[PDB]
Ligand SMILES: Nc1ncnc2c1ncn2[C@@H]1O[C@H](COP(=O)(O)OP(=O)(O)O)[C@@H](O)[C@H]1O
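Shown below, as structure tokens, is a lone chain in the form deposited without ligand ADP; questions about how it binds or moves come after it.
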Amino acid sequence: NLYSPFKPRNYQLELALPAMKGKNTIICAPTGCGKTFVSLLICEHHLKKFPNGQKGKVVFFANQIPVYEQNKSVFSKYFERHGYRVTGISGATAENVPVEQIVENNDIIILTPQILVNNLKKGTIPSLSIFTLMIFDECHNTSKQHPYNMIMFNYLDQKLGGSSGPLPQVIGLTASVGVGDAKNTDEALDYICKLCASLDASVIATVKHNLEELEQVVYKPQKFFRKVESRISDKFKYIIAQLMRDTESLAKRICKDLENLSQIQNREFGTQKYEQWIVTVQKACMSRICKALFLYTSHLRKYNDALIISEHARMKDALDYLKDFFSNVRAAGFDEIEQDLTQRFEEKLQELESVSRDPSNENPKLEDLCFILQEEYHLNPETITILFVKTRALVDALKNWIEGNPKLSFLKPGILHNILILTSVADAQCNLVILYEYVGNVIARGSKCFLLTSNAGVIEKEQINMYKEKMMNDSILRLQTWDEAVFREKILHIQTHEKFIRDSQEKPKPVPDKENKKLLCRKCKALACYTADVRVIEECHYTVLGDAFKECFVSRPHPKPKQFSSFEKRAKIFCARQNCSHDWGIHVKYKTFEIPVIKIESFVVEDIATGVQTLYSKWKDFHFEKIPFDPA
């Protein structure tokens, strides 16, 4: 359960060796518990390995909050018995606390890295040598300009700067090292090297002496990809779609601020992109108007479901779902709006059924799926099969379809001890796994996995992924054969070259250009404000002042409010024209003042003296006379 006493498995003992022997290691092991337990061991040996009058300090880096939390607990619980001081710091703690002190008085610190990057940048923590051990969760992210790398740039600057200063052991954990954009083993192997260089790892630990034991707590099924296709012509999706347009235009006219309700533009019926757009519009409207909408949208949703049922199951099943829903409102409480929609449907109802019964509108997708089930079960009749589909709706359709089938009468299906096939949308020891048009992709011997998609891209993407997993396995298998001394030297060339381009590629101060400039909405090219009215908060954030602007923009209220540096996210802000409605940035309370904060990418820079129109995506890029903030 991850939260108690455990017997380490041989394979984890093996994985830890190189860490325990003191080398900087990358630990490539498959997903889950594995890594946690392993990083518990290392950590336990690290702080134990010390002689009296000496203490270790371990820091553990984690990318997501959920991970920062689940790992703060595990570490706390586990090292509780032992007497060590354990904490974490994340975005939500970090606000106003003596970060040097928290480290100073702690044996295990859990962090999200952007904290450390921030605190080394300030000088509040002068050096990494305070730490004895660094652990990088999901360490394959150590590249490019990621926090992990910023940390290492600091470390490698201390290491190669020829400066002492001791430095910590560095460990990274991963299920999968990556291969970047490599096209063959040669390049993959270059990629993994540069990766090791960045972590100053001299060893990559994987499981070798304990394969029989790993390959049984982590299948690893047989991967089968199987292309299909939808029907030749779907004249049913034409009917329901026309009904959706119809009911959308009916909601538009009762609402008219409709499109503005969400910036989820270019929506397409019968896509889950649409199902969200629905929800975002229903939560958004902040009420006789809002109650009219809930009803119209509650109808478009079932319509949307319906299409998704048609496309992956059969029309008979889409229709049924719809007859059901409509039945359920003819059965009270009934009002004009609802009786309207029910009528506009009742009108197609006859035609929908002709298209439904039409022999040439069966779903070729289902015959394939069928084949697969007859193929696999004739091999083994005691097979227990699991079926993943996209929507809770499609779950029933597929169940009904199977029950209502003479070609596969042999199944006993179930859903969300006697049953022998299970259908589902979310959540093992089953022996047959089928991802049917599942979108998707997320998550003892002889086991098979089938993906079935009409999409080529997916099938082709997934096959590229399999070729990379081999490319990756082989490379590792072979750099594992290099003698460490040789490997450490290859790494050092890399570290060196990489260090050099960091300093070289830096650039002097940028000479600021006094000339006043217009900011123009990037979309409609209407005037927004002037750079004269712009001010800079905390060196990083930009506001305008004065009311000439207080009405150049409109403010729909944010659906994701948060606080950062200081100050609260309250609203998104938008170009005030009715057909432009470009996204301008946001509007916050800061200290005492509600103020707008704007992103330059939402604008064109036109010099007034000349008319020249430059475009920036980052304020760091845009060099003008920036002025800090206060009374006004």
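Throughout, we count residues from 1 along the sequence that is shown.
What follows is about the form deposited with ligand ADP bound, which we do not show.
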Practice item. Could you check the pocket for me: superposition on the site C-alphas, ligand ADP placed as it sits in the deposited bound form, then open or blocked, blocked being at least 3 ligand atoms within 2.4 Å of backbone or C-beta atoms? Key: blocked
Review point. Heavy atoms within 4.5 Å of ligand ADP in the deposited bound form: does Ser565 have any?
Key: no
Practice item. Considering only heavy atoms, tell me if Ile65 and ligand ADP come within 4.5 Å of each other in the deposited bound form. Key: no
Exercise for review: Indicate whether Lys23 is a 4.5 Å heavy atom neighbour of ligand ADP in the deposited bound form.
Suggested key: no
Check your understanding: Does any heavy atom of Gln578 come within 4.5 Å of a heavy atom of ligand ADP in the deposited bound form?
Key -> no
**Study point:** One stretch from 585-593, 43-51, 602-610, 29-37 that, in the deposited bound form, holds residues within 4.5 Å of ligand ADP by heavy atom
**Key:** 29-37
Check your understanding: Hey, which residues along 5-30 are within 4.5 angstroms of ligand ADP in the deposited bound form, non-hydrogen atoms only?
Key -> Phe6, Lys7, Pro8, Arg9, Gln12, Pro30
